[PDB]
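Secondary and tertiary structure notes
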Amino acid sequence: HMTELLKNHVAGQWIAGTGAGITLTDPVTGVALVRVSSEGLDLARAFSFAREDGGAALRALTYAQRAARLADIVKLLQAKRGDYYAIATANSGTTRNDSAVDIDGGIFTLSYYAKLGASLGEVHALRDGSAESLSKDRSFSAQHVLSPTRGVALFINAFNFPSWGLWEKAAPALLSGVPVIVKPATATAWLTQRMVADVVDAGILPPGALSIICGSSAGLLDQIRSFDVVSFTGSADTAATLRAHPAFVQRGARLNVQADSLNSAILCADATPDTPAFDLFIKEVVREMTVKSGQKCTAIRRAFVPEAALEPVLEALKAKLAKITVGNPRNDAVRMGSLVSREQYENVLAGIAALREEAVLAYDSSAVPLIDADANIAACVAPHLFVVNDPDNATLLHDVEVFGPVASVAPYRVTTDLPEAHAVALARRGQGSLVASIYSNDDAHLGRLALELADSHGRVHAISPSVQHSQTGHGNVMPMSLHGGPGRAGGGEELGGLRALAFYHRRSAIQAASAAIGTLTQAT
Amino acid sequence: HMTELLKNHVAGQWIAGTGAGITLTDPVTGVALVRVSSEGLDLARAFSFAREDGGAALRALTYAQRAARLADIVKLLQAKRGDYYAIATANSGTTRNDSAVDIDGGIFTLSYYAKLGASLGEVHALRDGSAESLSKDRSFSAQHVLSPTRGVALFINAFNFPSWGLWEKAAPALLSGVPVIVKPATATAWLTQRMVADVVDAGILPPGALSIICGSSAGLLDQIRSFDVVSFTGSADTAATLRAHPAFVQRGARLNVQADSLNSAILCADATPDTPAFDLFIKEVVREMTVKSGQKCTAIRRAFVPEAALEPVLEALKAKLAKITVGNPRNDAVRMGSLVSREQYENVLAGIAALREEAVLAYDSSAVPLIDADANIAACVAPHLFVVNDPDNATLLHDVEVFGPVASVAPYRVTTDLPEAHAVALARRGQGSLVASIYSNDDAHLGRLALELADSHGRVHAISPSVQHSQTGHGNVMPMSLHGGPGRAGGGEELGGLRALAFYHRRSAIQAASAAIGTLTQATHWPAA
Ligand SMILES: NC(=O)c1ccc[n+]([C@@H]2O[C@H](COP(=O)([O-])OP(=O)(O)OC[C@H]3O[C@@H](n4cnc5c(N)ncnc54)[C@H](OP(=O)(O)O)[C@@H]3O)[C@@H](O)[C@H]2O)c1
Ligand SMILES: NC(=O)c1ccc[n+]([C@@H]2O[C@H](COP(=O)([O-])OP(=O)(O)OC[C@H]3O[C@@H](n4cnc5c(N)ncnc54)[C@H](OP(=O)(O)O)[C@@H]3O)[C@@H](O)[C@H]2O)c1
């Protein structure tokens, strides 16, 4: 009578939604945590204030000045980490180590952009490439420039990364001088809203630079105009709804989508069980199934191995999966916590039942008692490993994503004369993915194989014994590398270091007297 | 009975559409020229043959091998230019000099990419920037690459540039290893179809690399898949129709739009009538009104001048417009020919009456007899110059474009404290444009003002005395410079030299051991900065 109603931050003010709100709950214990509501907000005013007051204030600052503000946010969020870990344990049901992927991944990505940003200097627009002569006598030349878009950036983010989804987008947006309006997924919104409230309360950014709305999305796209940008992370079906809106179809606002992806792991023909690359493959597949209970868009969903390796691979995955204990993340003995909600628990079990129509269930620890959790309250699903003997004729293998601790292993036919050619073709049947990982003992071979996967995967991640200590993980997104993929993964691009700024800028060719191209360059 | 029905080239074959087809006519003389039809074509196979055979054949070649094919196409088109000029005179009604903007503009842009493409090298993927370390010991790093998309490129092109609209798109697409399906605008499709026919008949590109469909567009987007790309040039209204299609909304295919634009020209406060930059402004406004009868998407539509300079600017534009003679381009005395069609003629004349409800008509040579043409047969419109004294409250100036030899002059209030601040605000009321041009005697001043226009204009073109003889023209699209603009101009990007390749490629981050990055590096290239 009652949990806290979290306020929205719109038009420079904290404003509660009306009504009873939507309750966020702990997915292990069932406790009611906080509520959200966007009912009754003045959305025209929220967008116009951000666009006008926020954008004008951010563009008045140089790139290096906005970078310095990002570095102050880093220090603030670092100081408040204990509060954020408590929210993540309760609202997301994740182990400490899994909560770190979201909290400390967010902070690390914001700090990387704060450091990249300081290098951009005390200017208000960036040069794109070098000057080029447009005349034999070099009297008339051209220089391309990037200028901040005079709009707002609206982020409609997914439930799995309330912190990193915010900061992976907000860091390049704010560095680019574009005000941010974040709309986190309701079930896990609390951490996003507490991080925004901490940053707003600190007065690091100007009024209007950072707004948040939690609750119903109704009305938001209707406020988007032609110079604004929208970044959506979520299901392919929802993305298709969004793409049809007049903001994009009529008004031409930029849209990035990152959607569902059936990411692959390919065990190379040389990586037989008596070689060190084989255990790296087994370990990475079990990690990606179990971190966050498989709720990473980049997790391994399909693992292709030589026919001759199939049984040794199943045996080694079963042995390693059996060490994953499941239950309340407050217990230090737990290796894997819950899904984000009981609704997701039901959705995952329905996905598992669907895949089982067409695959053999090779490992399922559902009957292992949970630790410190009631299976009728909590949203804990145990690891399930499927085997699909004939991946050429399988329907569901290459089409159906289960967003939980669930993956399928399938054999491929080694080519005797790349040995992994059939595995590349199978990977492609995922219709475009965020990431594939490839495992061999031969580094040079991995550089050649990577090129064959590049046109269908936004990232190719090569693990071999030489980098056992340094490879950064199949599903962990490093901010200097591109994040996105073609086709089913949404056709989007994020991060990639400075590449992420282009989405927030308009590019222009300036063609002028060569002296003027000089004075341009002194300002850029 | 009857004129030639132009065939389509699809799935490696020349196929006629069925039915009587659509007649293309000479917009000066009314003669029936040729017909087109897409009726009955097997679009599934047109797209699958292009995507499978055309894509695989192009991807088997290196970038420099595809660039050498583009160079062979330049020599072929150069040898055939007399045929192309005869088709341009009859189908487009343009003077020889105006026809050159399409024909020789197209060939020049193709040759630019053939030369640039040779510097992409003997590889099948391009390097995007350089390695970045992901580890303290530098054992694990990331390298981005670009790979050709495993799709087709569908071009839906506008009526004004049958040649340049084909080659400005096809040069970077074929250099990128992506097969092309072009769909030119019907009214002026003949030149596009003859150029494609000459190139296909020469056997320079592999089968499937270059296809053409003329006639109805029905069914084309239904064949687009998620790795394909679509480049549309034409009206903003038609672009919004296309954006709603499942090819984009469900299947996520890339789309570029270039639409119309109310491009500005701004006379700076320093450029008073007694100075050299004033005359350069008057000349560039008249050239952009009159080349191709104003039918460039980049043409100046709104000219903003200081209040004090309004009357001298109107007087000088009137005197220079009065030298423009209108009529049959076959007559050497004609400086400006016709619009592309009698339909466009009626649209332009309705737009002129609409603007005139809110603007004064300062110049119009409509009463001058056409040279060697009948007003009731030719699609000729004389230049019309409007003046809008109050551009702040103007209801049409910043919103309604007439796609003909028509522009509006409006005064701005000079700021003294950028002197052109008001003009920049007014230019932004066009809601996003391909180009703005600026005119001053002071070259330093120009670099500053250009930055203020850059977030609303895809190109800012500064004309001043030191570049009187070298500046490349407000409306002329140089292929090394970006073409496109935000907002009303479509949100699209084309050309910009190497920048045009990204649209045809898929970018990937490869994260791997040092030795793996080295082997993948040996298989990539990017030209030296
Ligand atoms: N692509 C991936 O990475 C991926 C993979 C697997 C699972 N999923 C999960 O899907 C969960 C559930 O689905 P989803 O988020 O895509 O659909 P969703 O659950 O129905 O909604 C996601 C965000 O979209 C907003 N949305 C829905 N329609 C909208 C509209 N018309 N205009 C503006 N916003 C609108 C919703 O706002 P409301 O609060 O008004 O509903 C929601 O919060 C995600 O948070 C995501 O992880 C995503
Ligand atoms: N909106 C603007 O202000 C704007 C912007 C840029 C350019 N333009 C002008 O537009 C002129 C040519 O285009 P337009 O305005 O006359 O009409 P348009 O349709 O926008 O012209 C582009 C092409 O779109 C094709 N098209 C029309 N409907 C289509 C459909 N439902 N599906 C697929 N394709 C379709 C047309 O083919 P067909 O010829 O076979 O009908 C046309 O050739 C150019 O000369 C350019 O100057 C206007």
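Residues numbered from 1 in each chain as written, not as in the entry; some residues may be left out. Chains lettered and ligands numbered in written order. Heavy atoms only, no water.

- Its PDB record attributes the structure to X-ray crystallography, giving the resolution as 1.40 Å.

Some remarks on the UniProt feature "binding site: NADP(+) 3" (unreviewed entry) in chain B
Residue and element names in this part refer to chain B.
- The sites that UniProt annotates as "binding site: NADP(+) 3" (unreviewed entry) are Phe159, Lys183, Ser217, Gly234, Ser235, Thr238, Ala259 and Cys297. Lining the second largest pocket, out of the annotated residues just given, are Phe159, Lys183, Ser217, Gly234, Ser235, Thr238, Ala259 and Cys297.
- Relative to the helices and strands, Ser217 is located in the loop between β10 (210-212) and β11 (229-233).
- Here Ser235 is to be found in the loop between β11 and α7 (236-243). (UniProt positions renumbered as here; feature names shortened; annotations may be inferred. 1 Å grid on protein atoms, 1.4 Å probe; cavity = no way out; pocket = protein on both sides within 12 Å on 5 of 7 lines; lining within 4 Å. Helix = DSSP H or I, 4+ residues; strand = E, 2+ residues; numbered from the N terminus.)

Comments concerning the UniProt feature "binding site: NADPH 2" (unreviewed entry) in chain A
Residues and elements named next belong to chain A.
- Annotation from UniProt places "binding site: NADPH 2" (unreviewed entry) at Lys183, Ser217 and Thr238.
- Mapped onto the elements, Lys183 comes out in strand β9 (residues 180-183).
- For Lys183, the residues in contact, after removing those within four places along its chain, are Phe155, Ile156, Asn157, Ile213, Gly215, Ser216, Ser217 and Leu220.
- Mapping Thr238 onto the fold places it in helix α7 (residues 236-243).
- Looking at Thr238, its side chain comes within polar contact range of the side chain of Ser235, at 3.0 Å. (Contact = heavy atoms within 4.5 Å. Polar contact = N/O pair within 3.5 Å; in protein donor to acceptor, adjacent residues only side chain to side chain.)

Quick look at the UniProt feature "binding site: NADP(+) 4" (unreviewed entry) in chain A
Residue and element names in this part refer to chain A.
- UniProt feature "binding site: NADP(+) 4" (unreviewed entry): in the numbering of this structure it lies at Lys183, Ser217, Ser235, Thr238, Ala259 and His483.
- Ignoring anything within four residues of it in the chain, the contact list for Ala259 reads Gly234, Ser235, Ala236, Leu434, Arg488, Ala489 and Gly490.
- With respect to the element layout, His483 can be found in strand β20 (residues 482-483).
- Classification of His483 by relative accessible area gives buried; the value is 3%. (Buried < 20%, exposed > 50% of the residue type's maximum accessible area, 1.4 Å probe, protein only.)

Topic: the sheet that holds strand β5 (residues 32-36) of chain A
- Spatially, the three strands line up as an open sheet ordered β1-β5-β4 (chain A), and their pairing is mixed. Two strands lie at the open edges of the sheet, namely β1 (4-5) and β4 (22-25) of chain A, each paired on one side alone. (Pairing = 2+ DSSP bridges.)

So, empty space enclosed by the protein
Residue and element names in this part refer to chain B.
- Reported here for the largest cavity is a volume of approximately 120 Å³.
- As for the largest cavity, its lining consists of 16 residues, and the residues nearest its centre are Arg301, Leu355, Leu397, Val400 and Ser408.
- The set of elements that each furnish at least two residues to the lining of the largest cavity consists of β14 (300-306) and β17 (406-412).
- Examining the composition of the lining of the largest cavity, we find that three residues originate from one element, β17, more than from any other. (Points joined across faces, edges and corners; volume = space filled by probe spheres on them.)

Brief notes about the site of ligand 1
Residues and elements named next belong to chain A.
- Close contacts around ligand 1 come from 20 residues, with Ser217, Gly234, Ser235, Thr238 and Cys297 the closest.
- Here an oxygen atom of ligand 1 and a backbone polar atom of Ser235 are 2.7 Å apart.
- Calculation on ligand 1 without its partners gives an accessible area of 860 Å², and the protein chains cover 74% of this total.
- Looking at the shell around ligand 1, you find at least three residues from each of domain 1 (1-260 + 479-524) and domain 2 (261-478). (Near = heavy atom within 4 Å. Areas by Shrake-Rupley, 256 points an atom, 1.4 Å probe, with all protein chains shown as cover. Domains from an automatic or database assignment.)

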